[PDB]
Structure formats: C-alpha cells, structure tokens
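# experimental structure and its sequence below.
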Amino acid sequence: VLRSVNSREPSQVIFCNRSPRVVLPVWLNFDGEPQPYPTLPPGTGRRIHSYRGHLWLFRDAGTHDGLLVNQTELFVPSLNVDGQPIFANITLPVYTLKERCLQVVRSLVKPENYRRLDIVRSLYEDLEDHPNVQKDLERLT
Amino acid sequence: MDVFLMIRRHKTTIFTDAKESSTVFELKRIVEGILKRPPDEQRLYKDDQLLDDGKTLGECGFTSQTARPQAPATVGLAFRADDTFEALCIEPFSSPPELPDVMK
Amino acid sequence: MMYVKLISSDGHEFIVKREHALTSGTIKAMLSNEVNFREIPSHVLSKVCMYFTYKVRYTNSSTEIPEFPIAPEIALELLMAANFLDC
Ligand SMILES: CC(=O)NC1(C(=O)N[C@H](C(=O)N2C[C@H](O)C[C@H]2C(=O)NCc2ccc(-c3scnc3C)cc2)C(C)(C)C)CC1
C-alpha cells in the first residue's frame, strides 16, 4: 500500500537536520520495502536528487526514535518551481513524557537487564517494544 | 519575549511566565493574585540579591534564553509577618536515590 | 487565571495553571483545586511540572524544538510517574 510511484520526473531536495539527533533517511521503494540512505549529523544539510511521488521518512539512526519532516510523518517530493529545490525540515517531535523517559532508560540499560528493573511488567514490555520502521509502516497503513 | 520562572518560598513553588520587559513590582501583583498577600508584604530575590520594584526582569538577568520552559529560572520570595520580614528560606527538593547497578 | 495545587509526597506544593495540569487525564479525574501525590517525591513532580510548560509552549509551534532533558538519576522514577499520569 505505502510505496513510491515510479514517475521518473526529477525533483531536487534539501534534507535539513534541525534536530540534535543523527538522522537516518528512509526511502520506501516500489514494493514498499524500506531502504536506508547515508546519515546526517546534527544541524547539517545535504542537497540530494529524488523524484516526484517518492516517499520518505526520517529516524534517529542509533535508536530508531521517530522524527518529523515539515511537521508530519511522511515527505513526498513535489514539482520544483523556478528551479528552486524543495526543503525537507527534519525536527524533534514533542514526545510524551513517557516515551522520552523510555528513550533515556533504554540509553542506560542493556536490553538483557530490562527485567531486573523494579517496575510493573507492562513497563518492561514498553521498553522491550522499541521503535522500529516496520511497526510504524503497519500503523500508517 | 517570554521568560519562564519558578517563584519559591519555603515549600511553595509557583510555575508561571512573564515578559522580559515587565517589572519586579508587576511580578508581585502576580504573586498577590495567587497567594493573597500584597506587594508591600513581599520581597523578591535573585539568589541573595534583593530586587527593586521599578526594574525589569531583563535588567535583573531573567532573559528568554536562560529562563526556558523546560528549565525555568528561580525567583526567591520572602513575606512580612507583623512588623518585620522573615529571612529568605527555600526548602530544597528531595534527593534521588543511587542509580541501580544495571544503570551503571 | 485559574491555578491548581499539586502536592508531592514530601509536602512540596507546586502551583501551576489548571490548563497545564490537564495535560494529565489522571489529574483531571482527581480534580473532577488541590491534589496529593503519595508516591511522587518533589525531585520528580517538579520535573513533571516543567514538562507541562514545555509541552504547552512547543505544541503546534514553528520555532525549532529543543530536547526535553532528563538526568539519569531521576529517569526511572519519572517513567513510573508518567505511566500513572498518562502523559
Ligand atoms: C535508474 C532509475 O531507476 N531511475 C529512476 C529512480 O527512481 N531511481 C531511484 C533513485 O535514484 N532514487 C530513489 C530516491 O528517490 C532517491 C534516489 C537516489 O537514490 N538518489 C541518490 C541519492 C544518494 C544519496 C543521498 C543521500 S541521503 C543522505 N545523504 C545522501 C548523500 C540521496 C540520494 C533508484 C531506483 C535508482 C534507487 C526511475 C527514475
């Protein structure tokens, strides 16, 4: 369902990382498989060649936490007007306090030790169920 | 520009915002609406320094890039009982426990 | 402006805007103008209040969003509070 269209109509894009994370761009290919692309360090930008109707999303390269692009989940390159490129502004969302606490706890505890934490079983499951692109593709569908 | 503050006395802490161009006296009127004590019974402080009514929050060092939503700046508060003012007293927050072993 | 009082387990009294406190469905239910939290100490509840301010300020905004900071030493307790408060 969620997949790029094979249009063959060029479209130039600036990927602008306005987050403090290392960014992984992900292109959804013509069969809907996620394909990873080279990462962007915090604060940096790249001019890249893509196509009209192609689908992209963006993640933290180390943890796969979700990021936003022009204030939403997916980015689709559009028609360039007057030769000017389209801007893809990549930012942190406002995470819930719970999801942010889970991020910080995950960054300090090795997965094998989640069960030794003194918390309710449901929070152990919440930690183990870490961010993942396939999970979100199933959701977005 | 908005500045984000914690106004603190003893075991009381008020979260609020104000303009950088607003005055110390105007901040006392805010405290008055919440805690029901008039400006003349209030002293405001930055650390140990007593703040003058006519000065702006900006002049006194509360600026939009240091008094942030996720990390607000502290303003101390003392009340007058009867004739004289109490000393500035701010109770510290509780201490976190040791990091569990699996977090080291 | 309508304020509410949130009281920590060690007796610290946090006075915040009602609208900010309604970020939490749990707090809304406990109100519907003071709430006592027997399991949440002040070093955690103060951070909770700072999250409310952060969320209200940066939700539906254009200006770039900074990271919400959480010290390692309070992360486990803050997680438990956020789960109880559904925020
Ligand atoms: C030959 C062909 O199939 N051309 C078309 C096409 O769709 N090509 C794809 C293509 O070129 N793509 C798909 C995406 O739209 C992006 C584009 C591409 O791969 N561009 C090169 C590129 C290289 C690095 C980067 C990045 S991302 C972060 N840093 C860099 C340097 C971005 C784009 C691909 C099937 C060859 C993968 C049909 C028009």
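That came in fine, so what should we check first? Numbering: from 1, shown residues only, chains lettered A, B, ... in the order given.

# in chain A, what residue sits furthest out from the centroid?
residue A:118 (31.1 Å; C-alpha atoms, centre = their mean).

# quick one: residues contacting that one.
Neighbour list for residue A:118: B:100, C:76 [criterion: C-beta atoms under 8 Å, 6 or more residues apart in numbering or on different chains]. The way it works is simple: take the backbone N, C-alpha and C, and place the C-beta from them, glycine included.

# just confirm it is within a strand.
No. Assignment of residue A:118 by DSSP: H, G, I helix; E, B strand; the rest coil gives coil, placing it outside any strand.

# can you give me the helices for chain B?
With DSSP state H as the criterion, chain B has helices at B:24-35.

# what residues does the nearest residue to residue C:72 once chain neighbours are set aside make contact with?
Sequence neighbours aside, residue A:108 is the residue nearest to residue C:72 in space, at 5.8 Å (criterion: C-beta to C-beta, 6 or more residues apart in numbering or on different chains). Counting by C-beta under 8 Å, 6+ apart, residue A:108 makes contact with B:103, C:72, C:75.

# cool, and residue C:87?
Residue C:87 neighbours (C-beta under 8 Å, 6+ apart): A:96-98, C:23-24, C:26, C:48, C:51.

# thinking again about what came up before, which among the contacts of residue A:108 count as buried?
Buried subset of the contacts of residue A:108 (neighbour count, 16 or more other C-beta atoms under 10 Å in any protein chain shown): B:103, C:75.

# and the residue of chain C found nearest the ligand, how far is that from chain A?
Closest residue of chain C to the ligand, C-beta to the nearest ligand atom: residue C:64 (20.2 Å). In this view, residue C:64 and chain A are 5 Å apart by C-beta to the nearest C-beta, to the nearest Å.

# just the contacts of residue A:108 now: which is nearest residue B:9?
Nearest to residue B:9 out of those is residue C:75 (C-beta to C-beta; 29.0 Å).

# just the element for that closest one, please.
Using DSSP states H and E, residue C:75 sits in helix C:72-85.

# for ChimeraX, what selects the buried ones among the contacts of residue C:87?
In ChimeraX, this line selects whichever of those come out buried by 16+ other C-beta under 10 Å:
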select /A:97,98 /C:23,24,48,51
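
# show me which of the contacts of residue C:87 is closest to chain B.
The closest of these to chain B turns out to be residue C:51 (C-beta to the nearest C-beta; 7.6 Å).

# okay, and the closest one sits in which element?
helix C:42-58.

# next, see if that helix gets close to chain B.
Yes. On the criterion C-beta under 8 Å from any C-beta of the partner chain, helix C:42-58 is in touch with chain B at C:42-43, C:46, C:49-54, C:56-58.

# can you list the residues of chain A near the ligand?
Neighbours of the ligand within chain A, by C-beta under 6 Å from any ligand atom: A:6, A:8, A:15, A:25, A:27, A:37-38, A:40, A:46, A:48-51, A:54.

# contacting residues around residue 36?
No chain specified, so I'll use chain A. Contacts of residue A:36 by C-beta under 8 Å, 6+ apart are A:24-26.

# can you look at chain C instead?
With C-beta under 8 Å, 6+ apart, residue C:36 has these contacts: residue C:7.

# check the one 10 residues further on too.
When contacts are counted by C-beta under 8 Å, 6+ apart, residue C:46 is found next to B:6, B:13, B:93, C:8, C:12, C:14.

# next, give me the two most distant ones among those.
The widest separation within the contacts of residue C:46 (C-beta to C-beta) is 13.9 Å, between B:6 and C:8.

# SS state for residue A:24?
Looking at residue A:24 with three-state DSSP, the answer is strand.

# what number of residues lie near the residue nearest to it when sequence neighbours are not counted?
Nearest non-adjacent residue to residue A:24, counting by C-beta to C-beta, 6+ apart: residue A:61, 4.0 Å away. Residues contacting residue A:61 under the criterion other C-beta atoms under 10 Å in any protein chain shown number 17.

# need the contact list for residue A:61.
Per C-beta under 8 Å, 6+ apart, neighbours of residue A:61: A:21-24, A:39.

# so how far is residue A:43 from residue C:59?
23 Å (C-beta to C-beta, to the nearest Å).

# whoops, residue C:56 was the one
26 Å.

# what about the two, which has more around it?
Remark: of residue C:56 and residue A:43, residue C:56 carries more neighbours, 18 against 10, as counted by other C-beta under 10 Å.

# what's near enough to touch residue A:135?
No contacts exist for residue A:135 under C-beta under 8 Å, 6+ apart.
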